[PDB]
Each structure stands twice: as structure tokens, then as C-alpha cells.
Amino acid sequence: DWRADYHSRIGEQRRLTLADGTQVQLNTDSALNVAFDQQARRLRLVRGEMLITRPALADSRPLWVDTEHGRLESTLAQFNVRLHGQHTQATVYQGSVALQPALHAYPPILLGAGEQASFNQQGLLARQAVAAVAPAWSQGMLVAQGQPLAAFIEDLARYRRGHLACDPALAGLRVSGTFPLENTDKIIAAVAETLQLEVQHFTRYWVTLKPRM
């Protein structure tokens, strides 16, 4: 068999090549355990976010990505998996994935390319189309398309040690743009300037976006 554990630090992206030649990228603050056995190529995403690319074309074993919420079974697919606090989100870019929520595994939910879905242990929570052909983070970017500010900063904070927040009056302000992850201070400064906000930064690890006046 073959059996490895991986983690990435806050702000770190890592490239792995598994024994079968399947490529995995880990995003910021993530943890992956891999266990290939006779039945299956098992990946367990314990924390964070990963992208599977270049799946092995002719391994007889299925590829399974499990989280606490269920299983994603891959058929030749390239796909992103992110673990949130109360659900898992899968995004498929190539091929197809079968989603099997832990407490309702059959019938599987089939996700094709250009589809994104969130699920918990009991089942589907949301699903929609996406036009991305790879996750932005895997190319070193954040991409926002009218994303509410509170959600944008929740995502950005994953890449940073400190706390990032906005005043509740600002929570639904829409963020649009593309943001290199190489300098997250520049991201904050640019978004604050575009949205005409003040950046309160009185202690190193606590930043709050506020109305200007």
C-alpha cells in the first residue's frame, strides 16, 4: 500500500504528486491524509482546500475524496474541494464527480464540469454553474465578481494570521476584481480605496474596514 499525511501553513500553497501520478495542490492552512489500498485511492481532506489535477488515466481503483460530510468519487475529473465549518463545497472543471453525502449516499449526485455544489452530511445545500476553468487560488489569485464584502474578507482572512472584519453596515457591499495573493496588504488597501472605506489597524492582528467620515 502507500500512506502519507500532508499539511500547509497559513499563506502556503503546496504541490503534491501522489504515488499513482495524480497531482494535488493544497491551499492555505490545509491538511490531507492519503491512504491507497486495494479497494481505492483514498484522500481524506481534514482541513482547508485542495485541487485535484492530472488524474491518473488508468488506475483500476476509484479515487475517493472524503470529508466529514461525505464522499466525492472521481471519474477522470479535475476538481476543487473546500471544507467549511458546516459543509463541503466541490467545484468541477473537467470530467465528472459523484457526490455521496454521508447520511444519504445513494443516489449519488452527479456533478459535471462547470458545476459547483455544497453539501453536508444530510445532503445538498446549494448548487450552481461556474465559468472558471480552474480555481483562482491555484494560480495565485483571488477573483471577486460582485462578492459581498463580508464573504470576500472571510476568504481573504484564510491567507493571513490576523483577524479581518468589516463594520456590519458594509457587509453586503459588492467587491469586484482580481487580486494577486502575493501581497494581501495590497488587496486590503485596494478594496478599501475602491469602496471608499477606512482601514482601522490599531493592533497588528486586528483589521476592521469602516465607513469613511
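The first residue of the sequence shown is number 1, and the count goes up from there.
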On mean C-alpha B-factor from the PDB entry, just flag whether 121-129 or 96-104 is the higher one. 121-129
Entry-level comparison of average CA B-factors, 183-191 and 54-62, reporting the higher stretch: 54-62
Just to confirm, going by the entry's C-alpha B-factors, which of 90, 143, 134, 113 comes out highest? 113
Of 39, 176, 28, 67, which one's C-alpha B factor is largest in the deposited record? 39
Hey, what third does residue 167 fall into on Cα B-factor, ranked over its chain? highest
Ranked by Cα temperature factor within the chain, is residue 19 in the lowest third, the middle third or the highest third? highest
In terms of the CA temperature factor given in the entry, to which third of its chain does residue 84 belong: lowest, middle or highest? highest
Residue 78: which third of its chain by C-alpha temperature factor? lowest
Per the entry's values, where does residue 213 land by CA temperature factor relative to the rest of its chain, in the lowest, middle or highest third? highest
